[PDB]
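So the structure is just underneath, and the comments pick up after that.
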Amino acid sequence: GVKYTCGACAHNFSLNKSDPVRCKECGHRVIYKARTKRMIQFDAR
Amino acid sequence: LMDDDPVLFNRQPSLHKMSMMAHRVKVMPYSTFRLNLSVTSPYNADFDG
Amino acid sequence: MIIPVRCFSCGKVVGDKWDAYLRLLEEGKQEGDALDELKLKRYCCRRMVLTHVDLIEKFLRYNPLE
Amino acid sequence: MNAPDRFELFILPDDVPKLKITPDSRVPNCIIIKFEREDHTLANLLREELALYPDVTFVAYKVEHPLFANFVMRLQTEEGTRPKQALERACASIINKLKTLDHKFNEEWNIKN
Amino acid sequence: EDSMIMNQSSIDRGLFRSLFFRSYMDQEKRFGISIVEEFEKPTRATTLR
Amino acid sequence: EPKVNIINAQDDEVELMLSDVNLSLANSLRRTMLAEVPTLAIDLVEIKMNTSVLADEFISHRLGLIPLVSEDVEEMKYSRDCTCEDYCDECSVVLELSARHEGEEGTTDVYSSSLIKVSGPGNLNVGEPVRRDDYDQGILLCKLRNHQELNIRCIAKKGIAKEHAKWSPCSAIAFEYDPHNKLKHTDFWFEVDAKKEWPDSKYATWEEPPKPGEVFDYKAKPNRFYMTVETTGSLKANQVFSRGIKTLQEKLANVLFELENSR
Amino acid sequence: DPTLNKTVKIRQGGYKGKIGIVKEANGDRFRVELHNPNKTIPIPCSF
RNA sequence: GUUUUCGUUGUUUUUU
Ligand SMILES: [Mg+2]
Ligand SMILES: [Zn+2]
Ligand SMILES: [Zn+2]
Ligand SMILES: [Zn+2]
């Protein structure tokens with residue numbers, strides 16, 4: 001569902017609020033969420 | 001709160017009655033209170049923060 | 001942390017010259033001399049690059065999470 | 001968070017005119033011009049040109065407060081000339097002087113190269 | 001009176017422009033073995049207040 | 001009456017002899033060029049994605065600080081004027097930059113050359129990133145490291161320096177006249193003497209040094225002024241001069257048009 | 001009103017070409033938040 | 001459908 005990513009190995013994986021939160025690929029115990037899918041603007045002023 | 005409306009004016013410490021006054025509103029943009037530079041004397045204050 | 005795009009005071013674009021200015025530095029050319037080379041007369045301009053501190057690399061030094 | 005918009009520095013609102021007239025009753029043939037969206041650039045330029053006119057008794061402008069794109073001027077042209085006509089006269093005079101300098105600069109840039 | 005007058009354009013060129021960062025914290029709490037708090041988007045029908 | 005004599009002219013700069021004119025008029029024209037010159041700069045910065053180490057708004061700001069070839073800015077309308085839904089090519093321009101650093105070591109220094117005129121109200125020679133030289137990548141924009149990608153899409157819009165200093169076409173515009181203080185418009189501070197303590201104006205040559213016994217003429221007035229018309233590169237010093245003159249002229253024409261219409 | 005809490009952008013006006021979201025729509029008049037500025041402005045429904 | 005709520009007490013820091 002939601003896309004996450006590890007802090008150490010740099011891999012994206014998705015949990016569904018059911019798996020205990022652990023890195024799916026290198027066991028690093030700190031994950032993060034990714035950018036949103038909406039577009040961003042900047043007045044550049 | 002419309003312009004020119006009388007309103008109170010109070011600064012600390014309020015050592016004496018001149019430490020406070022009432023003024024006529026003059027709304028402008030920006031987020032600071034603007035004072036005629038003479039009023040400072042009884043308020044004994046500067047713009048150092 | 002990076003070179004400013006322009007000179008705050010007057011607005012002269014300055015970022016491009018940085019790499020060139022750094023190259024001038026490489027050979028130890030005197031600060032004033034190099035500044036003169038860059039055709040940067042106004043000390044309003046000279047000041048930043050003369051005391052501009054660049055530290056983006058320290059961020060690059062950090063292992064990016066990805 | 002209370003700061004005013006930057007783009008309005010030059011945009012004139014529709015309901016208000018760019019200029020506003022007001023006769024000055026306190027002295028003869030004296031008007032008052034309320035200004036919008038203008039600053040020293042036009043104010044001083046028009047003021048100097050007009051002050052060079054002989055048919056003007058009084059003329060003076062000031063900006064009430066820097067935060068607002070609007071200032072005022074109090075003109076008094078002597079009896080024959082109503083202020084508005086001397087004003088448009090100064091407008092045309094500066095127009096022609098600027099056009100003269102423009103063609104001159106065109107010529108000088110062309111020749112220099 | 002220690003009131004400062006600045007170049008507007010230089011600030012338009014970002015002089016003395018600074019950042020801010022604010023870090024928050026939250027965590028699900030346990031009221032007991034069988035009672036905890038839940039990270040969810042609450043619907044009005046289920047939760048209240 | 002007005003006169004021009006170019007002492008030194010250049011793409012970026014025009015240094016001329018403006019005389020037979022008023023101090024007020026010269027100041028007003030200088031103000032006109034500095035602030036009242038519409039120009040085009042990166043305004044709407046929009047990130048499809050980013051991976052660099054700097055704040056997106058920081059990059060956007062630095063992008064707005066980029067002078068853009070603005071020769072035909074005279075032609076393209078303000079975005080506000082255009083009645084099209086959203087923008088159109090005739091009221092804004094489309095550029096894009098998208099830089100990535102590959103390789104676990106190194107640092108890809110993104111440059112303004114990476115900004116590219118995706119669209120624009122053609123064939124208007126606008127939206128072209130300004131550069132000292134074609135080999136000049138331009139202003140250093142960003143540094144991308146291992147696994148650091150950058151994709152962005154921006155929209156610029158014609159505007160004036162009054163609106164934001166990024167539109168300032170002139171990097172600097174000096175001014176002077178009567179370097180000898182013949183008009184005595186200034187009182188020279190000193191301890192022993194102003195003369196031996198003060199340097200001499202670069203334009204001092206154009207005016208003779210007043211004679212010792214010469215009596216002051218209170219009919220003396222500011223006539224000869226001195227000027228150098230710098231451009232940040234988005235436009236030419238000659239084009240800047242002419243366009244500022246034209247802007248002052250249009251303002252005056254509009255003012256007199258209001259004079260006649262309100263009546 | 002279910003026509004709120006949605007991405008909205010301006011077609012004409014003084015802020016033509018800016019993304020925003022709708023918060024309050026009391027009636028026949030829409031108030032919108034903007035992204036680049038930390039401000040919320042009113043605007044008629046039709047723009 | 002109108003309607004409608006977040007804690008304390010301390011501490012330490014500075015703010016004039
Ligand atoms: Mg204090
Ligand atoms: Zn991992
Ligand atoms: Zn400078
Ligand atoms: Zn359009």
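All Cβ positions, even for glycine, are placed from backbone atoms using ideal geometry, and neighbour counts span all protein chains on display. No lab work stands behind these numbers, since they all come straight from the coordinates.
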Would you mind getting me the FRET efficiency between F:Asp56 and F:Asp86? Use the beta-carbon distance for r and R0 = 25 Å, nearest 0.05. 0.65
If one computes the Cα centroid of segment G:1-32 and of segment F:189-262, what distance in Å separates the two points? 49 Å
Stokes-Einstein diffusion coefficient for chain G at 37 °C in a medium of 0.692 mPa s, Rh from the Kirkwood formula over Cα pairs: what value in µm²/s? 307 µm²/s
Under the classification rounded if a/c is under 1.5, otherwise prolate if a/b is larger than b/c and oblate if not, where does chain F fall, given a ≥ b ≥ c as square roots of the Cα gyration tensor eigenvalues? oblate
Backbone N under 17 Å from the F:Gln249 label point (7 Å along Cα→Cβ), restricted to segment D:55-92: D:91-92
Across the residues of F:228-241, average count of Cβ atoms on other protein chains within 10 Å? 2
So for chain D, using the alpha carbon gyration tensor with a ≥ b ≥ c as root eigenvalues (a/c under 1.5 gives rounded; past that, a/b versus b/c decides prolate or oblate), I'd call it oblate
Just tell me how shielded D:3-14 is by partners: mean number of partner chain Cβ atoms within 10 Å of each residue's Cβ, no decimals. 4
Which GluC sites (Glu not before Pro) in segment C:1-60 sit in a loop by DSSP (not H, G, I, E or B) and have at most 16 other Cβ atoms within 10 Å of their own Cβ? C:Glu27
Just the isolated ones, please: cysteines in chain F lacking another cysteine beta carbon under 4.7 angstrom. F:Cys142, F:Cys154, F:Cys170
Mind checking D:94-100 for the average number of partner chain beta-carbons within 10 Å of each residue's beta-carbon? 6
With label points built 7 Å along Cα→Cβ from the Cα atoms of D:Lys99 and D:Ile11, find their separation and express it in nm. 3.3 nm
Shape call, chain C: gyration tensor on alpha carbons, a/c limit 1.5: oblate
If you filter chain B for chymotrypsin sites (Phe, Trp or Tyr not before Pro), then keep DSSP loop positions with at most 13 other Cβ within 10 Å, what is left? B:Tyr30, B:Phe33, B:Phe47
Sorted from fewest to most neighbouring beta carbons within 10 Å, what does the list D:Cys91, G:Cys45 look like? G:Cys45, D:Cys91
Got a sec? How would D:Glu38, E:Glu40 order by Cβ neighbour count within 10 Å, fewest to most? E:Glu40, D:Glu38
Using the beta-carbon distance between C:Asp19 and D:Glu79 and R0 = 60 Å, what value does 1/(1 + (r/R0)^6) give for FRET efficiency, to the nearest 0.05? 0.30
Qualifying trypsin sites (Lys or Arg not before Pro) in segment D:14-113, DSSP loop, other Cβ atoms within 10 Å at most 15: D:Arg26
Give me the distance in nm between label points sitting 7 Å out from Cα along the Cα-to-Cβ direction at A:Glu25 and G:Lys39, one decimal. 4.4 nm
Taking just the alpha-carbon atoms of the protein assembly as shown, what radius of gyration and Dmax come out, in angstrom? 29.8, 105
